[PDB]
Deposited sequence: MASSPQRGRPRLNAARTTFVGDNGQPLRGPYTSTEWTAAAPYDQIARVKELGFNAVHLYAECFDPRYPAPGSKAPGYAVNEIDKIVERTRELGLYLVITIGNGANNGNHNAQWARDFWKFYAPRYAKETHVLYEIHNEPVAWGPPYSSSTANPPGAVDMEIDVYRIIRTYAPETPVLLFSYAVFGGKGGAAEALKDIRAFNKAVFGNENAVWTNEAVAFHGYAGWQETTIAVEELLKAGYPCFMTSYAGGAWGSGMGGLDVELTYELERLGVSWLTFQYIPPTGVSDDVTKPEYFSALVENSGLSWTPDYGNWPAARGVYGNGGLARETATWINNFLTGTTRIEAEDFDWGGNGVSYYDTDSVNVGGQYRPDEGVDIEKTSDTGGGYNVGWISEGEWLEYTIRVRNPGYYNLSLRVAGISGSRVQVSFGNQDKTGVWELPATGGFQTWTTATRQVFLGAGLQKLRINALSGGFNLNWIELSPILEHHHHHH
């Protein structure tokens, strides 16, 4: 069977991982007011490096159970199709209740009845996880405050959890689905909610969860959301991102990858959804490609295996001058993180098992330079620009004759043709500088050798 094995908490207790130990990563679809996305459209997520699908299954009715209100269960035939199609495609599925125009709200009786019907229905589907309710409170913790808008969401979480565990004893549960989860303060407020949940459900405020995690969204922004997640992780509670958007929020994704946290992004499986289509490059694949983000996919060969050389495998951050040694190009290999015309490293130095040609340099500071740079060659360096704006881009270069380079950032040309002066010698060094406008974020710096005949020691960036 291609059916995926039950997700489980990882050893580090940071998130749910799959049957191969890898995080869950995926886009979303909806059966709230539309049919289930076709099989071939769901299949496309496998080629975009994903192994999961977020389903907004049904939208709640605030008026329920008043006359003419829409009851839960209306989409059952469409949800069954999503469950079957994900089963057969070897994908994980996270099912939740959506809100339509009523995000930051819920109807407790509607939620209890929804889960009463659906929990037993998919209990045995080992690829299916249950997320209690999307964004049930405007707009994050503490739900347990008597003045939360609206009140009683923790009672709903408790009640639905018990319903789920009665009929689906082994099914992973994602709790809270906080819209705005930000700062040490946010984590502290979430811990009030968690402690109250745990006391009611486990009889002990400090329960060690075996099959539950905190669902959250990214609307506090990447930095504050990352702080809040790190706090919650330190407190011993796993989490799972279920909805965020920047297109892909590359910055938060990078942080979640570092922290070992699974994620579902708010771009949709075609034909339809309320945001942006995940198969259009401008909303996902190009953002991943341009940034240098990498993970090992469950299916296919994309994204490429690559990353930062040195610096603990983390993106080199700008401030203040930031130096990137030419010899510290990203790992990933020929045609991926660099292109060299011969697979031998002719200089033999520093990285003898990659193709870039590297020699000891006599330049100030010593170390190494890239040499034997031939027309068409290129080198990539994954960096992170905190502050958007104009920077001085400096190349430390040498050459007997003049040469031409062009430098891209996130696959956008920032320099045009850049004529590098002859210095009269391959170890006679000069600094060439050009102003560039850089956008904020994780991005690959690419040196493109338009001609050969120059050596490159290092690259510098500093604000003008």
| Deposited residues without C-alpha coordinates, grouped into stretches that follow sequence order | 1-3, 250-257, 331-338, 484-491
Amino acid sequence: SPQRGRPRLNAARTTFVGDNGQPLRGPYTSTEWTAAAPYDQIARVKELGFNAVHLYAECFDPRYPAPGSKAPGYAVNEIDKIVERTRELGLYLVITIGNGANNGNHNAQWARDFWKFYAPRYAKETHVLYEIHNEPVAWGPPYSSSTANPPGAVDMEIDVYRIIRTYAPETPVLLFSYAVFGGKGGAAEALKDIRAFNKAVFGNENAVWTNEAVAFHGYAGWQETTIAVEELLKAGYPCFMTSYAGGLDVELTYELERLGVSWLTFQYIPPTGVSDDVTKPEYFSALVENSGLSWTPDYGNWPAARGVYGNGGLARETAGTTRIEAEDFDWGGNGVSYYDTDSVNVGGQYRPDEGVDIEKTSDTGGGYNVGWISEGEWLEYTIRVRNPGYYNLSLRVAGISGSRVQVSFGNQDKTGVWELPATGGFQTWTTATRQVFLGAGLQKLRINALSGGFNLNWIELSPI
From here on, numbers count along this sequence of modelled residues.
| note | Higher of the two mean Cα B-factors (188-196, 201-209; per PDB record) comes from 201-209
| request: Determine, for stretches 421-429 and 404-412, which one has the higher mean CA B-factor as deposited. | output: 421-429
| said: So if I compare the CA B-factors in the entry for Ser394, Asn290, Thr86, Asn102, which one is the largest? | reply: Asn102
| remark: Reading the B-factor column for Cα atoms of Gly371, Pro352, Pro172, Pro136, the highest value belongs to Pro352
| Against its chain's modelled residues, does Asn20's Cα B factor rank lowest, middle or highest third? | highest
| query | Hey, what third does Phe50 fall into on Cα B-factor, ranked over its chain? | reply | lowest
| Record-listed C-alpha B factor of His217: chain third | lowest
| message | Could you place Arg323 in the lowest, middle or highest third of its chain by Cα temperature factor, using the values in the record? | response | middle
| field | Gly260 by Cα B-factor - lowest, middle or highest third of the modelled chain | value | lowest
